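Student: Please read through the structure below; I'll follow up with questions.
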2 protein chains.
Amino acid sequence: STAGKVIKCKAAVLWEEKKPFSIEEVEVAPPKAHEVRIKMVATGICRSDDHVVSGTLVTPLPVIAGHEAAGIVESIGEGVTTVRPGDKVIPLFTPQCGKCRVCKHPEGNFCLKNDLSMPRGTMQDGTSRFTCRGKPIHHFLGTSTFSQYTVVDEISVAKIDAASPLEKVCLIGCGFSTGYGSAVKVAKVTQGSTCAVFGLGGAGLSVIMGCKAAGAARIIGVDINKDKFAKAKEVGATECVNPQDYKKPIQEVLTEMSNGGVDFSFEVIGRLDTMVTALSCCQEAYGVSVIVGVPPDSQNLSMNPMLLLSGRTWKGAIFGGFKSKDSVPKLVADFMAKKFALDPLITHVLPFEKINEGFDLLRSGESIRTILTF
Amino acid sequence: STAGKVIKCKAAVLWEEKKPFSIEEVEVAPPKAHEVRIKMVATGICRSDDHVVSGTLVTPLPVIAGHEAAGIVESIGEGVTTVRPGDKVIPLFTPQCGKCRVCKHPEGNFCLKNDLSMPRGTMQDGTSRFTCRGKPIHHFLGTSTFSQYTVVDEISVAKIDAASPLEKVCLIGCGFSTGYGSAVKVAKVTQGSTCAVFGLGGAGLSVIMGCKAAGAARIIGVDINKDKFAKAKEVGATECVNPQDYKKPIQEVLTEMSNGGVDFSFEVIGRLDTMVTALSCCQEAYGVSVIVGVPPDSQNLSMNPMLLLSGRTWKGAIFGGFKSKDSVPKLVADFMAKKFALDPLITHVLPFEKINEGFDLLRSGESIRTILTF
Ligand SMILES: NC(=O)c1ccc[n+]([C@@H]2O[C@H](COP(=O)([O-])OP(=O)([O-])OC[C@H]3O[C@@H](n4cnc5c(N)[nH+]cnc54)[C@H](O)[C@@H]3O)[C@@H](O)[C@H]2O)c1
Ligand SMILES: NC(=O)c1ccc[n+]([C@@H]2O[C@H](COP(=O)([O-])OP(=O)([O-])OC[C@H]3O[C@@H](n4cnc5c(N)[nH+]cnc54)[C@H](O)[C@@H]3O)[C@@H](O)[C@H]2O)c1
Ligand SMILES: [Zn+2]
Ligand SMILES: [Zn+2]
Ligand SMILES: [Zn+2]
Ligand SMILES: [Zn+2]
């Protein structure tokens with residue numbers, strides 16, 4: 001039995017920025033009250049994890065990163081009522097405490113208990129459950145999924161269907177839900193509309209999926225890497241454009257293509273310039289632009305507010321606007337009912353031990369999602 | 001006896017930036033096809049008119065400014081079907097052509113025939129109906145209401161109730177409708193919400209009116225001129241704050257006052273900094289901020305897109321989001337039925353000949369709206 005005991009297990013530790021993960025033994029403390037210890041089954045390599053490595057996203061180091069995953073509960077702390085040992089679960093990088101003003105709001109999802117705004121890299125109690133070589137190791141977004149075992153707060157975990165294929169549904173923990181919700185919930189894409197999606201990685205493909213599910217008539221994918229175009233078309237893009245192919249700025253090209261601007265645009269990259277371009281390519285009087293990409297730490301963009309005065313709406317969201325704990329189980333049920341597909345996102349499957357090779361695939365442009373299996 | 005003939009009348013001509021208007025004779029051509037010549041009865045002095053003087057809002061000079069007004073049709077050009085001689089009318093600084101993609105869209109109001117995005121200072125046919133000292137004079141926003149007579153395109157005029165009091169209802173042509181619609185239509189303020197309104201001039205008071213009409217529980221007025229606070233409270237502000245009274249930045253103050261950010265904020269000034277402050281003070285996950293103020297020409301703001309990524313919505317609008325020709329007559333009818341008040345906005349009355357005094361009143365801080373009578 002492991003319950004109540006420290007577990008020694010394998011994890012991928014990031015000791016400092018811009019270095020490979022170190023795959024080595026860590027100690028995972030047992031869960032305290034209202035905490036849940038999970039044996040990981042599969043975890044995705046999301047660009048946001050790479051942002052931790054690159055310094056784009058600041059969070060305390062050393063750290064166990066990873067936030068898109070699925071696993072099986074090993075044990076529960078005192079007071080846990082929402083999961084039990086043996087349950088399949090998805091950790092929630094945006095928590096749902098159910099008590100804060102955001103949780104209580106019909107349209108809010110960015111729960112005040114999140115560890116994204118002002119990252120501390122701990123459990124909710126301000127402490128860590130991880131040690132490595134005698135040193136405390138930070139958590140990441142209350143999840144820390146690049147480990148054979150993690151400990152999360154109850155507010156940061158959802159129970160899912162016992163029959164779920166964990167090596168696919170982990171993607172509901174981040175990339176699928178983010179992109180899909182950004183289209184269907186945050187933008188509220190309408191039937192017959194024209195959409196433009198900047199960035200055709202895992203999140204941008206999931207935006208396309210949502211735009212298509214919402215009935216868009218035209219979905220224009222934009223990427224500088226033309227190798228991304230075939231899969232974008234497969235999941236619903238009606239046309240793809242590479243900014244590098246054009247003498248004019250791509251906002252001008254997209255405005256022309258759409259006979260005066262798109263209905264809905266999405267920035268799914270994380271660059272300041274593309275955020276402004278994406279805003280500008282939506283129709284000036286009634287267009288809506290949604291920022292999904294994570295910007296480089298502490299940098300501001302510059303823009304002319306006449307873009308908004310004319311009538312545009314600009315918004316952003318975390319996790320597709322989904323209230324995480326309510327939504328994740330429903331999304332998994334929807335997947336099991338064949339309401340959407342996840343296979344188009346998965347290009348590589350590797351053992352956990354090959355995490356660095358998985359990150360190399362992302363960085364080279366060669367993958368959409370690598371799933372790591374424990 | 002004037003139909004088909006040039007009218008000589010007095011107008012207020014702006015020959016140069018940063019100078020008084022010149023009250024002098026102009027020649028007003030008869031209306032061509034689908035144009036309407038109007039005998040002006042009352043016009044308001046809007047800060048946007050002052051923007052023309054100051055070079056905040058760039059439009060070609062020399063110019064006849066004025067865009068908030070009401071009058072009586074003197075004559076109609078060939079093919080005009082929507083007004084007749086003797087009708088009371090409000091010129092529409094935002095046209096409603098009824099045919100463009102914006103006019104056809106359920107939400108859109110910034111008709112593509114507008115002269116605001118790229119001002120040319122002409123009629124729709126690219127010519128002027130005004131001569132002064134033998135020289136052609138530009139139009140402003142297709143209205144040019146600082147004249148005893150003006151000529152507008154049919155898409156830029158609405159027929160209003162024959163029993164309307166023109167010295168009141170002119171304010172439906174800009175300041176009232178802009179602010180009220182910004183709250184009720186663009187922001188969609190909800191019952192029980194907390195709103196913050198930056199700038200307590202005519203447009204900002206009209207925003208407060210709309211927030212109260214929508215049932216907001218708290219309406220926090222923000223102005224650096226504390227003389228503005230008494231009227232703001234009369235029309236519905238629950239509290240007023242002067243940024244100059246505080247050591248901390250006002251976005252921090254407002255976040256604290258609202259126990260974590262306001263539901264709806266409005267920038268009703270025209271400053272880059274207050275546009276970003278107003279965004280920042282709305283709740284980071286579900287807040288909405290609406291830009292109403294007109295920015296200084298060609299200047300860009302700087303902001304951190306993490307303000308949006310957390311979930312905020314940022315939008316702007318012209319004319320409160322109202323489709324102008326549909327909406328103006330309805331607003332007049334509602335006013336006649338006492339559904340809203342205009343007198344709180346009217347602080348001074350002058351004859352047209354005292355236009356420069358009226359601008360002096362606005363610039364000193366003393367007035368909300370001066371109404372000029374012809
Ligand atoms: N808001 C959230 O909750 C959330 C969740 C998931 C991902 N993200 C962010 O979303 C972004 C995309 O993530 P992903 O899809 O996993 O990453 P990804 O697989 O790296 O995809 C990004 C795509 O952008 C393309 N690209 C790079 N530069 C440009 C350019 N200048 N113009 C056009 N295309 C360009 C690039 O070729 C690639 O296909 C990242 O910044 C993530 O951090 C945010
Ligand atoms: N979007 C539209 O369709 C539209 C229509 C009407 C008015 N406008 C604009 O809206 C703005 C307000 O117009 P208005 O109400 O007629 O003008 P106004 O009477 O000049 O009111 C502006 C108010 O802002 C106050 N103010 C100035 N600087 C600051 C500051 N730093 N912080 C807080 N308060 C400050 C000032 O004291 C004044 O009471 C102007 O820029 C107009 O051009 C836009
Ligand atoms: Zn919460
Ligand atoms: Zn992610
Ligand atoms: Zn139109
Ligand atoms: Zn105005």
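The chains in the structure tokens are called A, B, ... from first to last as shown; in each chain the residues are counted from 1, and the ligands are counted from 1 in the order shown.
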Which residues of chain B are close to chain A, meaning at most 10 Å apart when you count only C-alpha atoms, and how do they look as a ChimeraX atom specification?

Tutor: /B:101-103,105-112,116-117,186,259-260,270,272,275,283-321

Student: Taking 3 positions as the minimum chain separation for residues in the same chain, which residues sit within 10 Å of residue 73 of chain A when counting only C-alpha atoms? Answer as a PyMOL selection string.

Tutor: chain A and resi 36-40+70+76+83-90+149-151+157+159

Student: Would you output that residue set with C-alpha atoms, as a PDB file, in the first residue's frame?

Tutor:
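Heads up, here's the output in result_8.pdb:
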ATOM      1  CA  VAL A  36      -5.727  14.235  -3.956  1.00  0.00           C
ATOM      2  CA  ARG A  37      -2.745  12.130  -4.999  1.00  0.00           C
ATOM      3  CA  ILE A  38      -2.951  10.878  -8.589  1.00  0.00           C
ATOM      4  CA  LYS A  39      -1.031   8.207 -10.486  1.00  0.00           C
ATOM      5  CA  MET A  40      -0.499   9.686 -13.909  1.00  0.00           C
ATOM      6  CA  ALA A  70      -5.123  12.311 -17.076  1.00  0.00           C
ATOM      7  CA  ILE A  76      -7.430  11.201  -0.952  1.00  0.00           C
ATOM      8  CA  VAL A  83     -13.152  11.780  -6.150  1.00  0.00           C
ATOM      9  CA  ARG A  84     -12.191   8.442  -4.628  1.00  0.00           C
ATOM     10  CA  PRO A  85      -9.240   6.080  -5.054  1.00  0.00           C
ATOM     11  CA  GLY A  86      -9.462   4.322  -8.414  1.00  0.00           C
ATOM     12  CA  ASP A  87     -11.310   7.148 -10.175  1.00  0.00           C
ATOM     13  CA  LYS A  88     -10.095   8.408 -13.546  1.00  0.00           C
ATOM     14  CA  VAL A  89      -9.410  12.126 -13.251  1.00  0.00           C
ATOM     15  CA  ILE A  90      -8.156  15.160 -15.134  1.00  0.00           C
ATOM     16  CA  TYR A 149       2.465  10.829  -9.176  1.00  0.00           C
ATOM     17  CA  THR A 150       1.223  14.309  -8.293  1.00  0.00           C
ATOM     18  CA  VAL A 151      -0.785  15.874  -5.472  1.00  0.00           C
ATOM     19  CA  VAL A 157      -9.265  17.906 -10.127  1.00  0.00           C
ATOM     20  CA  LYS A 159     -13.647  12.949 -11.987  1.00  0.00           C
TER      21      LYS A 159
END

Student: Would you please give, as a ChimeraX atom specification, all residues of segment 148-276 of chain B that DSSP assigns to alpha helix (DSSP H) based on the backbone?

Tutor: /B:166-169,175-181,202-213,229-235,250-257,272-276

Student: May I have the residues within 9 Å of ligand 4, computed using only C-alpha atoms and all ligand atoms, as a list in words?

Tutor: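 Written in the requested form, the residues are residues 44, 45, 46, 47, 48, 49, 66, 67, 68, 93, 173, 174, 175, 178, 203 and 319 of chain A.
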
Student: Given the selection you just returned, output its residues as a file containing N, CA and C atoms, formatted as an mmCIF file, in the first residue's frame.

Tutor:
data_model
loop_
_atom_site.group_PDB
_atom_site.id
_atom_site.type_symbol
_atom_site.label_atom_id
_atom_site.label_comp_id
_atom_site.auth_asym_id
_atom_site.auth_seq_id
_atom_site.Cartn_x
_atom_site.Cartn_y
_atom_site.Cartn_z
ATOM 1 N N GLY A 44 0.138 15.480 -21.961
ATOM 2 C CA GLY A 44 0.476 16.118 -23.197
ATOM 3 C C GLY A 44 1.603 17.116 -23.059
ATOM 4 N N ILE A 45 2.350 17.335 -24.131
ATOM 5 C CA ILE A 45 3.309 18.405 -24.171
ATOM 6 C C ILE A 45 2.644 19.619 -24.844
ATOM 7 N N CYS A 46 2.249 20.592 -24.025
ATOM 8 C CA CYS A 46 1.595 21.864 -24.476
ATOM 9 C C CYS A 46 2.696 22.947 -24.652
ATOM 10 N N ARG A 47 2.522 23.818 -25.645
ATOM 11 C CA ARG A 47 3.429 24.939 -25.815
ATOM 12 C C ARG A 47 3.591 25.752 -24.515
ATOM 13 N N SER A 48 2.526 25.842 -23.685
ATOM 14 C CA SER A 48 2.680 26.575 -22.446
ATOM 15 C C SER A 48 3.738 25.978 -21.546
ATOM 16 N N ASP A 49 3.879 24.640 -21.532
ATOM 17 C CA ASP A 49 4.983 24.037 -20.788
ATOM 18 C C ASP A 49 6.341 24.470 -21.297
ATOM 19 N N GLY A 66 4.029 20.570 -16.577
ATOM 20 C CA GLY A 66 2.989 19.716 -17.064
ATOM 21 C C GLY A 66 1.651 20.092 -16.459
ATOM 22 N N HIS A 67 0.659 20.253 -17.314
ATOM 23 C CA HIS A 67 -0.666 20.645 -16.861
ATOM 24 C C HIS A 67 -1.799 20.036 -17.629
ATOM 25 N N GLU A 68 -1.511 19.350 -18.740
ATOM 26 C CA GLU A 68 -2.486 18.674 -19.562
ATOM 27 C C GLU A 68 -2.334 17.154 -19.359
ATOM 28 N N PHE A 93 -5.866 22.912 -14.474
ATOM 29 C CA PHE A 93 -4.914 23.968 -14.299
ATOM 30 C C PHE A 93 -5.563 25.329 -13.961
ATOM 31 N N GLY A 173 -7.830 18.378 -20.829
ATOM 32 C CA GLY A 173 -7.217 19.139 -19.791
ATOM 33 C C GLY A 173 -6.571 20.452 -20.230
ATOM 34 N N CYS A 174 -6.354 20.630 -21.535
ATOM 35 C CA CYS A 174 -5.843 21.915 -21.988
ATOM 36 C C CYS A 174 -6.148 22.215 -23.420
ATOM 37 N N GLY A 175 -5.472 21.605 -24.352
ATOM 38 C CA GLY A 175 -5.502 22.174 -25.689
ATOM 39 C C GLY A 175 -6.836 22.087 -26.412
ATOM 40 N N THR A 178 -9.462 24.415 -24.528
ATOM 41 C CA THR A 178 -9.110 25.817 -24.730
ATOM 42 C C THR A 178 -9.554 26.302 -26.101
ATOM 43 N N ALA A 203 -3.867 24.118 -30.075
ATOM 44 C CA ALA A 203 -4.949 25.011 -29.646
ATOM 45 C C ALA A 203 -5.645 25.600 -30.879
ATOM 46 N N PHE A 319 -8.463 28.697 -20.772
ATOM 47 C CA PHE A 319 -9.170 27.411 -20.811
ATOM 48 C C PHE A 319 -10.514 27.529 -21.533
#

Student: I need the residues of segment 245-281 of chain B that end up classed as strand (DSSP E or B) by DSSP on the backbone, written out as a VMD selection string.

Tutor: chain B and resid 262 264 to 267

Student: Considering only C-alpha atoms, state which residue in the set A:212, A:121, A:74, A:115 is at the smallest distance from residue 60 of chain A.

Tutor: A:121

Student: One decimal, in Å: what's the spacing between atom CA of residue 366 of chain B and atom CA of residue 274 of chain B?

Tutor: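 Separation of atom CA of residue 366 of chain B and atom CA of residue 274 of chain B: 21.7 Å.
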
Student: I'd like the contact shell of residue 258 of chain B - 12 Å cut-off, only C-alpha atoms, skipping same-chain residues fewer than 5 positions apart - returned as a PyMOL selection string.

Tutor: (chain A and resi 101) or (chain B and resi 193-196+217-220+239+251-253+263-265+281-283+287)

Student: Would you output that residue set with N, CA and C atoms, as a short mmCIF file (atom, residue, chain, number, x, y, z; two decimals), in the first residue's frame?

Tutor:
data_model
loop_
_atom_site.label_atom_id
_atom_site.label_comp_id
_atom_site.auth_asym_id
_atom_site.auth_seq_id
_atom_site.Cartn_x
_atom_site.Cartn_y
_atom_site.Cartn_z
N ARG A 101 -16.18 35.03 -6.27
CA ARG A 101 -17.06 35.77 -7.12
C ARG A 101 -17.06 35.34 -8.57
N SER B 193 -25.52 45.33 -10.92
CA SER B 193 -24.08 45.42 -11.19
C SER B 193 -23.42 46.67 -10.65
N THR B 194 -22.11 46.68 -10.62
CA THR B 194 -21.31 47.84 -10.28
C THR B 194 -20.64 48.36 -11.55
N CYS B 195 -20.83 49.63 -11.80
CA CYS B 195 -20.32 50.33 -12.96
C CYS B 195 -19.38 51.44 -12.48
N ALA B 196 -18.35 51.72 -13.31
CA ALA B 196 -17.50 52.88 -13.14
C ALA B 196 -17.47 53.68 -14.44
N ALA B 217 -26.62 48.53 -9.40
CA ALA B 217 -26.73 48.82 -7.98
C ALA B 217 -25.77 49.92 -7.53
N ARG B 218 -24.59 50.01 -8.15
CA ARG B 218 -23.57 50.99 -7.81
C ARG B 218 -23.06 51.59 -9.10
N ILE B 219 -22.92 52.91 -9.14
CA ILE B 219 -22.43 53.66 -10.26
C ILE B 219 -21.44 54.66 -9.75
N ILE B 220 -20.14 54.40 -9.99
CA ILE B 220 -19.08 55.20 -9.44
C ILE B 220 -18.61 56.15 -10.52
N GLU B 239 -21.67 57.25 -5.92
CA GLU B 239 -20.48 57.75 -5.33
C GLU B 239 -19.66 58.39 -6.45
N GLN B 251 -7.19 52.89 -10.79
CA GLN B 251 -7.64 51.51 -11.04
C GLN B 251 -7.55 50.64 -9.77
N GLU B 252 -6.52 50.90 -8.97
CA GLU B 252 -6.39 50.18 -7.68
C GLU B 252 -7.49 50.56 -6.70
N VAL B 253 -7.78 51.85 -6.62
CA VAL B 253 -8.84 52.38 -5.79
C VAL B 253 -10.16 51.75 -6.18
N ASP B 263 -18.07 45.43 -12.65
CA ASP B 263 -18.69 44.67 -13.71
C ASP B 263 -18.52 45.33 -15.09
N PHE B 264 -18.71 46.65 -15.13
CA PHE B 264 -18.72 47.46 -16.36
C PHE B 264 -18.01 48.76 -16.09
N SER B 265 -17.06 49.11 -16.95
CA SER B 265 -16.42 50.42 -16.92
C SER B 265 -16.53 51.10 -18.28
N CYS B 281 -9.65 48.41 -14.28
CA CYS B 281 -10.52 48.41 -13.11
C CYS B 281 -11.72 47.50 -13.20
N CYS B 282 -12.02 46.99 -14.38
CA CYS B 282 -13.08 45.98 -14.45
C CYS B 282 -12.53 44.60 -14.03
N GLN B 283 -13.43 43.77 -13.50
CA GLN B 283 -13.02 42.49 -12.95
C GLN B 283 -12.32 41.65 -14.01
N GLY B 287 -15.21 41.15 -16.36
CA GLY B 287 -15.50 42.55 -16.59
C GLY B 287 -15.58 42.93 -18.05
#

Student: Give me the residues near residue 129 of chain A as a VMD selection string, where near means some atom within 12 Å (using only C-alpha atoms) and where sequence neighbours in that chain fewer than 4 positions away do not count.

Tutor: chain A and resid 5 to 8 26 to 32 35 to 37 63 to 64 121 to 125 135 to 140 142 to 144 149 to 153

Student: Write to file, as a PDB file, in the first residue's frame, the residues of the selection just made, with C-alpha atoms.

Tutor:
ATOM      1  CA  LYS A   5       3.104   7.163   2.759  1.00  0.00           C
ATOM      2  CA  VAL A   6       5.661   9.149   0.871  1.00  0.00           C
ATOM      3  CA  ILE A   7       6.001   7.835  -2.664  1.00  0.00           C
ATOM      4  CA  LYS A   8       9.339   7.784  -4.407  1.00  0.00           C
ATOM      5  CA  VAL A  26      11.360  12.596  -6.483  1.00  0.00           C
ATOM      6  CA  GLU A  27       9.478  12.143  -3.216  1.00  0.00           C
ATOM      7  CA  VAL A  28       5.776  12.867  -3.308  1.00  0.00           C
ATOM      8  CA  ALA A  29       4.202  13.521   0.058  1.00  0.00           C
ATOM      9  CA  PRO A  30       0.793  12.045   0.872  1.00  0.00           C
ATOM     10  CA  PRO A  31      -2.188  14.319   0.419  1.00  0.00           C
ATOM     11  CA  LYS A  32      -3.297  16.601   3.292  1.00  0.00           C
ATOM     12  CA  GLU A  35      -5.905  17.074  -1.432  1.00  0.00           C
ATOM     13  CA  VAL A  36      -5.727  14.235  -3.956  1.00  0.00           C
ATOM     14  CA  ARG A  37      -2.745  12.130  -4.999  1.00  0.00           C
ATOM     15  CA  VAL A  63       9.502  23.038 -10.929  1.00  0.00           C
ATOM     16  CA  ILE A  64       7.557  19.990 -12.038  1.00  0.00           C
ATOM     17  CA  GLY A 121       4.220  27.339  -7.462  1.00  0.00           C
ATOM     18  CA  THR A 122       2.637  25.696  -4.418  1.00  0.00           C
ATOM     19  CA  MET A 123      -0.421  23.850  -3.166  1.00  0.00           C
ATOM     20  CA  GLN A 124      -3.259  26.062  -1.966  1.00  0.00           C
ATOM     21  CA  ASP A 125      -1.738  25.948   1.558  1.00  0.00           C
ATOM     22  CA  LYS A 135      15.328  20.185  -2.123  1.00  0.00           C
ATOM     23  CA  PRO A 136      11.709  21.393  -2.347  1.00  0.00           C
ATOM     24  CA  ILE A 137      10.375  21.514  -5.921  1.00  0.00           C
ATOM     25  CA  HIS A 138       7.598  23.868  -7.023  1.00  0.00           C
ATOM     26  CA  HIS A 139       4.289  22.888  -8.433  1.00  0.00           C
ATOM     27  CA  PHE A 140       2.988  24.391 -11.700  1.00  0.00           C
ATOM     28  CA  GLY A 142      -1.694  23.468  -9.143  1.00  0.00           C
ATOM     29  CA  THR A 143      -1.194  20.448 -11.439  1.00  0.00           C
ATOM     30  CA  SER A 144       2.411  19.285 -12.059  1.00  0.00           C
ATOM     31  CA  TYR A 149       2.465  10.829  -9.176  1.00  0.00           C
ATOM     32  CA  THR A 150       1.223  14.309  -8.293  1.00  0.00           C
ATOM     33  CA  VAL A 151      -0.785  15.874  -5.472  1.00  0.00           C
ATOM     34  CA  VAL A 152      -3.417  18.441  -6.310  1.00  0.00           C
ATOM     35  CA  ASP A 153      -6.033  20.403  -4.378  1.00  0.00           C
TER      36      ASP A 153
END

Student: Extract, using only C-alpha atoms, all DNA, RNA and protein residues at most 10 Å from residue 19 of chain A, discarding same-chain residues fewer than 2 positions from it, and format them as a PyMOL selection string.

Tutor: chain A and resi 14-17+21-22+53-54+356

Student: I need the residues from that last selection saved to file as a PDB file, in the first residue's frame (with C-alpha atoms), if you can.

Tutor:
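In the end it all went to again_28.pdb:
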ATOM      1  CA  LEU A  14      13.092  21.552 -14.505  1.00  0.00           C
ATOM      2  CA  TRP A  15      15.963  22.934 -12.464  1.00  0.00           C
ATOM      3  CA  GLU A  16      16.482  26.106 -14.454  1.00  0.00           C
ATOM      4  CA  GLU A  17      15.321  27.847 -17.592  1.00  0.00           C
ATOM      5  CA  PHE A  21      14.131  18.324 -18.094  1.00  0.00           C
ATOM      6  CA  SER A  22      15.912  15.967 -15.701  1.00  0.00           C
ATOM      7  CA  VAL A  53      11.370  26.414 -20.202  1.00  0.00           C
ATOM      8  CA  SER A  54      11.867  29.468 -22.441  1.00  0.00           C
ATOM      9  CA  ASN A 356      12.828  15.833 -23.993  1.00  0.00           C
TER      10      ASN A 356
END

Student: Between B:369, B:133, B:113, B:18, which residue has the minimum interatomic distance to ligand 5, considering only C-alpha atoms and all ligand atoms?

Tutor: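 Closest to ligand 5, using only C-alpha atoms and all ligand atoms: B:113.
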
Student: Can you pull out the residues contacting residue 345 of chain A? Cut-off 10 Å, using only C-alpha atoms, and skip same-chain residues under 5 positions away; I want them as a PyMOL selection string.

Tutor: chain A and resi 168+171+175-176+201-203+205-206+231+235+367-371

Student: Generate a file of the selected residues that holds C-alpha atoms, formatted as a PDB file, in the first residue's frame.

Tutor:
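Heads up, here's the output in again-v7.pdb:
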ATOM      1  CA  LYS A 168      -6.713  10.707 -25.657  1.00  0.00           C
ATOM      2  CA  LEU A 171      -6.180  16.784 -24.166  1.00  0.00           C
ATOM      3  CA  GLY A 175      -5.502  22.174 -25.689  1.00  0.00           C
ATOM      4  CA  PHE A 176      -8.790  20.809 -26.984  1.00  0.00           C
ATOM      5  CA  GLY A 201      -0.970  24.145 -33.489  1.00  0.00           C
ATOM      6  CA  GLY A 202      -2.978  22.087 -31.100  1.00  0.00           C
ATOM      7  CA  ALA A 203      -4.949  25.011 -29.646  1.00  0.00           C
ATOM      8  CA  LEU A 205      -6.750  23.353 -34.569  1.00  0.00           C
ATOM      9  CA  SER A 206      -9.171  23.037 -31.667  1.00  0.00           C
ATOM     10  CA  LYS A 231      -4.246  19.097 -40.917  1.00  0.00           C
ATOM     11  CA  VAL A 235     -10.413  19.628 -39.242  1.00  0.00           C
ATOM     12  CA  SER A 367       4.354  17.835 -33.930  1.00  0.00           C
ATOM     13  CA  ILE A 368       0.938  19.039 -32.874  1.00  0.00           C
ATOM     14  CA  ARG A 369       0.536  17.008 -29.653  1.00  0.00           C
ATOM     15  CA  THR A 370       2.900  14.439 -28.306  1.00  0.00           C
ATOM     16  CA  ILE A 371       1.222  12.381 -25.644  1.00  0.00           C
TER      17      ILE A 371
END

Student: Taking into account only C-alpha atoms and all ligand atoms, which residue in the set B:34, B:10, B:226, B:51 is nearest to ligand 6?

Tutor: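 Closest to ligand 6, using only C-alpha atoms and all ligand atoms: B:51.
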